[PDB]
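Participant:
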Amino acid sequence: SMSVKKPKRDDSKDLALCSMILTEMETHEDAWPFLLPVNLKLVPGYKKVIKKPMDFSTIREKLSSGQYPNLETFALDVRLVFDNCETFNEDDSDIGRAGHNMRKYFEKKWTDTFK
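Here our numbering is used: the first residue of the sequence shown is 1, the next is one more, and so on.
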């Protein structure tokens, strides 16, 4: 509350560390569905159904331009990529499996780097 603060957690490396995680996600062999924004002109249903599209290149541009106020807003956009994927793709599809795999990969790096 006013004049009453928990001890300051060191957040000075968060930007570098989120960038490293994102690099690891960019280079994963199953990243291909997620590297670029879904082409809204060429994929029927996407525009209407997926209210907030997100992809790795969009996260990378937001990261690089100071548009994440803190490491939690970064994780929310990463998770959005996977949540969108599960909304639009059957579990038993190549893309559906890719999303599960990448979500797992991310959540481990997230815990190991920060928790």
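Backbone N, C-alpha and C fix where the C-beta goes; we use that ideal spot for every residue, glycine too.
1) Just checking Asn84 against the ligand COA - is the residue's beta carbon closer than 7 Å to any of the ligand's heavy atoms?
2) Taking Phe56 and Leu17 to be in contact with their CB atoms under 8 Å, please state how far apart those CB atoms are, rounded to whole angstroms.
3) Can you list, in chain order, the residues of its chain with a C-beta nearer than 6 Å to that of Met20? Leave out the 5 residues immediately preceding and following it.
4) Under the rule that 16 or more other beta-carbon atoms within 10 Å means buried, what is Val78, buried or exposed?
5) Would you call the CB atoms of residue 135 and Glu24 closer than 8 Å?
6) If you scan the segment 54-79 from start to end, which runs of the alpha helix (DSSP H) of 4 or more residues do you find wholly inside it?
7) What does a CB cutoff of less than 7 Å around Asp30 pick up in its chain, not counting 5 residues either side in sequence?
8) Under 8 Å, do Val43 and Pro53 count as touching if we go by C-beta distance?
9) Between the Cα of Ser12 and those of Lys5, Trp32, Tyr46, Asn70, spot the shortest distance and give me the residue it belongs to.
10) Assign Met2 to one of three DSSP states: helix, strand, or coil.
11) Locate the alpha helix (DSSP H) running through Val49, then write down its first and last residues.
12) Along the chain, where does the alpha helix (DSSP H) containing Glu107 start, and where does it finish?
Facilitator: So, from the data block:
1) This structure does not include the ligand COA; it has no bound ligands of any sort.
2) As a working note, residue 56 is residue 56 in the sequence shown. As a working note, residue 17 is residue 17 in the sequence shown. Contact between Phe56 and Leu17 fails: their C-beta atoms lie close to 16 Å from each other, not under 8 Å.
3) By one-based count along the sequence shown, residue 20 stands at place 20. Non-local C-beta neighbours of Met20 in its own chain, meaning closer than 6 Å and more than five positions away in sequence, are absent.
4) The residue labelled residue 78 in the question sits at position 78 within the sequence shown. With 16 or more other Cβ atoms within 10 Å, it is buried.
5) The structure shown does not extend to residue 135, since the chain is modelled only from 1 to 115, so the question has no answer here.
6) Counting only runs of 4 or more, we get 56-64.
7) The count along the sequence shown starts at 1 and reaches residue 30 at position 30. Counting only residues of its own chain and dropping the five nearest sequence neighbours on each side, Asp30 has a CB closer than 7 Å to the CB of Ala98, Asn101, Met102.
8) Sequence index remark: in the sequence shown, residue 43 carries index 43 (1-based). Sequence index remark: in the sequence shown, residue 53 carries index 53 (1-based). The Cβ atoms of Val43 and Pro53 lie no closer than 8 Å to each other.
9) Taking the first residue of the sequence shown as 1, we reach residue 12 at position 12. That would be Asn70, whose Cα lies nearest to the Cα of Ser12.
10) One-based indexing of the sequence shown puts residue 2 at position 2. The three-state reading of DSSP puts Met2 in coil, since its state is none of H, G, I, E or B.
11) Along the sequence shown, one-based indexing puts residue 49 at 49. That run of the alpha helix (DSSP H) goes 46-49.
12) If you number the sequence shown from 1, residue 107 lands on position 107. Its alpha helix (DSSP H) spans residues 94-114.
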